[PDB]
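Notes to accompany the following structure.
All of this is worked out from the model, or read from it or from the source named; nothing here is a laboratory result. Counting neighbours? That spans all protein chains shown, and the Cβs are built from the backbone with ideal geometry, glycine included.
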Amino acid sequence: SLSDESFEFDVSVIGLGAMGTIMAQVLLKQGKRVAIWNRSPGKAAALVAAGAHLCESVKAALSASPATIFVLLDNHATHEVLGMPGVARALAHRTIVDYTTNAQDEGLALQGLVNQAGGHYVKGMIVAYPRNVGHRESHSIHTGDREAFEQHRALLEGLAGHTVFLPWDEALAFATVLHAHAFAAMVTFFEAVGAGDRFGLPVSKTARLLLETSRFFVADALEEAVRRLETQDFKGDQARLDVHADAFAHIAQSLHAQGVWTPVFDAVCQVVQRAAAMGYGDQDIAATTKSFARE
Amino acid sequence: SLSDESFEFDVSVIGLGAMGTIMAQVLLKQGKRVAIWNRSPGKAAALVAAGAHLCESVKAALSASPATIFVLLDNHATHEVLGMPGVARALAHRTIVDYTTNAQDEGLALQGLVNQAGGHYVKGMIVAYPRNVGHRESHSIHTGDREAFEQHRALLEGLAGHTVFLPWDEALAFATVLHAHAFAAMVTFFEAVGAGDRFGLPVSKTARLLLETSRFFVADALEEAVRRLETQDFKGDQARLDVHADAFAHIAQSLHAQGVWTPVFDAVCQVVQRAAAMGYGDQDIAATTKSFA
């Protein structure tokens, strides 16, 4: 900020594959002065046409802006970029925001490297498909250097309207279980729709009805489960676990009689039957949560 | 206009356990004139105080209103009611809306029995917990007698603001797949929160964050999937099945490493891998759907 006059750019983006390309476009559309570097003729040309400044090198892109967003093929690609001529020197006093998919140990080594050079390392996860980068309702998770993340938070909010910083080990864990739920929820939908087909319900009319008829019920059920988990109130006043176990077995049986393969639903039945066998039968269905506990 | 039959009530409710009680309560609150009957006069007490009329018998309840809602303990309870004195005759020219959960082919017999007596049978499935009976956004499914359903649709919309009639075959099959998804999606959430707890993330903050952070992503992804399934467009332009399989493997690897039990996610992985093995890898993730055909 004392450095504001020194920078002709707000942000640099390195790597212009689909995700990096959309991030750069969104940021240009929002009015940021964006500098880029890549190895991609197609991708760099459209971005230049849209107002991005093409830099001659990684080191120039790092120098051009107070933060550089990295979106690269893999960890090998990240280290290669960082090893290039004069890059170490150009990291000093810059924040790297790393959206590249990474193994858990690898991030700490990258953080170390960037820090060793006097830069700041932020790891980002964007909970969105490229089409929703920049969306007011999209979410991201960031970890690494809290101070650098706060410095650049408004910028990064350009990529996903809602963001949260968590410390390293919580961020990775949270992203893991968040994506397990989000992707599993999608697949339960594919499985039920596919199962509809075996009943003679065509996927093309049934999918929209299935979504529209379940939307409120599921959302209201999850919201209520959260309220109970927060209050630790598992009273079986409304939705007994054992009653659900009964219902689930009935559903699984009609599915089996029709000859449908529903491994996800079978697994769901396994979980709740087991919670029932563990003493949770007379509690609210949200007590299923506790059946996973170590204690 | 030929009939000109006089009713002092809009609806009768037989069965005053939890679901019947709430349905009667909601209908009274909306201003319906409601007649009730229960094997135990006890549970009618609050309903009577609320303004329900207590009928002497099932026969009187059936005669009192143009349609009678049945919400009984089980299929045996329904037959026991229908075999009580004079009930057969009192079925004639009445609509029975049966929300009692039973097994298929029970329903068909119930239907037959009611139709034989000159009555009209409508089966109902309400996709709600009791707390959301009456809710404008609650949904119900109906089948049986289409004509009778349409006759009483506005009354049945008192219980769930959105309703759909499907023919017998479709209705029950649709209810089954709808609940399979709905209940499985809930359990995926419990499994993920439980997993979080084993990473040291407190349930007290994590459940809320998990819901809030995934809501839009999931809802948008399901909307897009439906668009694709309607339009038969499986091009791998935005969300490749193969890239998802890699992503899911990595998630499974972190879960299995922390030593958490995630049987539902495990099964999800198994589904997607299979779809990749079947050659859908380059297709949109919604192609997963086809792997079940």
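Being surrounded by fewer than 21 Cβ atoms within 10 Å (Cβ to Cβ) and part of a helix (DSSP H, G or I) is the filter here, so list the residues in the range A:82-92 that pass it. Working first, answer last.
Within the range A:82-92, the subset surrounded by fewer than 21 Cβ atoms within 10 Å (Cβ to Cβ) is A:82-89, A:92.
Result: A:82, A:83, A:87, A:88, A:89.
Out of curiosity, is residue A:68 among the hydroxyl-bearing types (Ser, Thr, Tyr), assigned to a helix (DSSP H, G or I), surrounded by 18 or more Cβ atoms within 10 Å (Cβ to Cβ) and under 24 Å from the mean Cα position of the chain (by Cα)?
No: the conditions fail for residue A:68.
Residues that are in contact (Cβ under 8 Å) with a residue 40 or more places away in the chain and among the polar types (S, T, N, Q): does the range A:67-80 have at least one? Talk me through it step by step, then tell me what you get.
So in the range A:67-80, the residues in contact (Cβ under 8 Å) with a residue 40 or more places away in the chain come out as A:67-73, A:77.
Cutting the leftovers down to among the polar types (S, T, N, Q) gives us A:68.
Among the residues of the range A:67-80, at least one is in contact (Cβ under 8 Å) with a residue 40 or more places away in the chain and among the polar types (S, T, N, Q), which makes the answer yes.
Any idea which of (1) surrounded by fewer than 21 Cβ atoms within 10 Å (Cβ to Cβ); (2) more than 8 Å from chain B (Cβ to nearest Cβ); (3) of a type in the set (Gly, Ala, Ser) is the one residue A:204 doesn't satisfy?
It is condition (2) that residue A:204 fails.
Any idea which of (1) under 31 Å from the mean Cα position of the chain (by Cα); (2) farther than 24 Å from residue A:205 by Cα is the one residue B:254 doesn't satisfy?
Result: residue B:254 fails condition (1) only.
Those residues that are part of a helix (DSSP H, G or I), acidic (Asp, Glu) and either touching a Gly at 6+ places or on another chain (Cβ under 9 Å) or more than 7 Å from chain B (Cβ to nearest Cβ) (or both), I need them from the range A:228-242; list them, please.
A:242
If you take the residues in the range A:251-280 that are of a type outside the set (A, V, I, L, M, F, W, C) and closer than 24 Å to residue B:199 by Cβ, which one is farthest from the other protein chains (Cβ to nearest Cβ)? Reasoning before the result, please.
First, pick out the residues of the range A:251-280 that are of a type outside the set (A, V, I, L, M, F, W, C): A:253-254, A:256, A:258-259, A:262-263, A:266, A:270, A:273-274, A:279-280.
Next, from what is left, pick out any that are closer than 24 Å to residue B:199 by Cβ: A:270, A:274, A:280.
Values: A:270: 6, A:274: 9, A:280: 11 Å.
Taking the candidates together, the pick is A:280.
Any idea which residue in the range A:94-149 is farthest from the chain's Cα centre (by Cα), counting only those that are more than 14 Å from every other protein chain (Cβ to nearest Cβ) and basic (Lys, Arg)?
Once the filter is applied, the top-ranked residue is A:94.
Go through the range A:194-206 and count every residue that is in a helix (DSSP H, G or I) and either touching a residue at least 40 places away in the same chain (Cβ under 8 Å) or out of contact with any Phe, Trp or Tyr (no Cβ under 8 Å at 6 or more places or on another chain) (or both). Spell out the reasoning first.
Going residue by residue through the range A:194-206, those that are in a helix (DSSP H, G or I) are A:194-198, A:203-206.
Filter again for either touching a residue at least 40 places away in the same chain (Cβ under 8 Å) or out of contact with any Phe, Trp or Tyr (no Cβ under 8 Å at 6 or more places or on another chain) (or both), leaving A:194-195, A:198, A:203-205.
The total comes to 6.
Please verify whether the range A:97-106 includes one or more residues that are part of a helix (DSSP H, G or I) and surrounded by 21 or more Cβ atoms within 10 Å (Cβ to Cβ). Spell out the reasoning first.
Of all residues in the range A:97-106, those part of a helix (DSSP H, G or I) come to A:104-106.
Narrowing further to those that are surrounded by 21 or more Cβ atoms within 10 Å (Cβ to Cβ): none.
No.
Given the criteria out of contact with any helix residue (DSSP H, G or I) (no Cβ under 8 Å at 6 or more places or on another chain), surrounded by fewer than 18 Cβ atoms within 10 Å (Cβ to Cβ) and assigned to a helix (DSSP H, G or I), does residue A:77 qualify?
Numbers: out of contact with any helix residue (DSSP H, G or I) (no Cβ under 8 Å at 6 or more places or on another chain): yes; surrounded by fewer than 18 Cβ atoms within 10 Å (Cβ to Cβ): yes; assigned to a helix (DSSP H, G or I): yes.
It is true that residue A:77 is out of contact with any helix residue (DSSP H, G or I) (no Cβ under 8 Å at 6 or more places or on another chain), surrounded by fewer than 18 Cβ atoms within 10 Å (Cβ to Cβ) and assigned to a helix (DSSP H, G or I).
Go through (1) touching a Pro at 6+ places or on another chain (Cβ under 8 Å); (2) more than 8 Å from chain A (Cβ to nearest Cβ) and name the single condition residue B:191 misses.
(2)
Listed here are the residues, each with its yes/no results for (1) loosely packed, with under 15 Cβ neighbours inside 10 Å; (2) assigned to a helix (DSSP H, G or I); (3) among the polar types (S, T, N, Q).
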| residue | (1), (2), (3) |
| --- | --- |
| A:222 | no, yes, no |
| A:226 | no, yes, no |
| A:256 | yes, yes, no |
| A:261 | no, no, no |
| A:265 | no, yes, no |
| A:269 | no, yes, no |
| A:276 | no, yes, no |
| A:279 | yes, yes, no |
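Scan the range B:220-238 and report the pairs whose first residue is without any contact (Cβ under 8 Å) to a residue 60 or more places away in the chain and within 14 Å of residue A:205 (Cα to Cα) and whose second residue is of a type in the set (D, E, K, R) and part of a helix (DSSP H, G or I), with Cβ atoms within less than 6 Å and a gap of 6+ or a chain change.
B:226/A:208
Just the residues that are among the aliphatic types (A, V, I, L, M) and either touching a strand residue (DSSP E or B) at 6+ places or on another chain (Cβ under 6 Å) or more than 7 Å from every other protein chain (Cβ to nearest Cβ) (or both), please, taken from the range B:167-188.
Listed by number, the residues that qualify are B:171, B:172, B:175.
Could you tell me how many of the residues in the range B:107-124 are of a type outside the set (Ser, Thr, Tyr) and either buried (at least 18 other Cβ atoms within 10 Å of the Cβ) or not assigned by CATH to the domain that holds residue B:22 (or both)?
Restricting attention to the range B:107-124, the residues satisfying the condition of being of a type outside the set (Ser, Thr, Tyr) are B:107-120, B:122-124.
From what is left, the residues that are either buried (at least 18 other Cβ atoms within 10 Å of the Cβ) or not assigned by CATH to the domain that holds residue B:22 (or both) are B:107, B:110-111, B:113-114, B:117, B:119-120, B:122-124.
Of the residues in that region, 11 qualify.
Does residue B:212 qualify as being within 7 Å of chain A (Cβ to nearest Cβ), charged (D, E, K, R) and either in contact with a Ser or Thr (Cβ under 7 Å, 6 or more places away or on another chain) or in a helix (DSSP H, G or I) (or both)?
No; evaluated as a whole, the condition is false for this residue.
Can you tell me which residue is nearest to the chain's Cα centre (by Cα) among those in the range A:281-295 that are more than 7 Å from chain B (Cβ to nearest Cβ) and in a loop (DSSP other than H, G, I, E, B)?
A:295
Looking only at residues in the range B:180-193 that are within 11 Å of residue A:214 (Cβ to Cβ) and in contact (Cβ under 8 Å) with a residue 40 or more places away in the chain, which one is farthest from the chain's Cα centre (by Cα)?
Per the criteria, the residue is B:184.
Residues of the range A:245-295 being in contact (Cβ under 8 Å) with a residue 12 or more places away in the chain and aromatic (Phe, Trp, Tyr), which ones?
A:248, A:265, A:280, listed by residue number.
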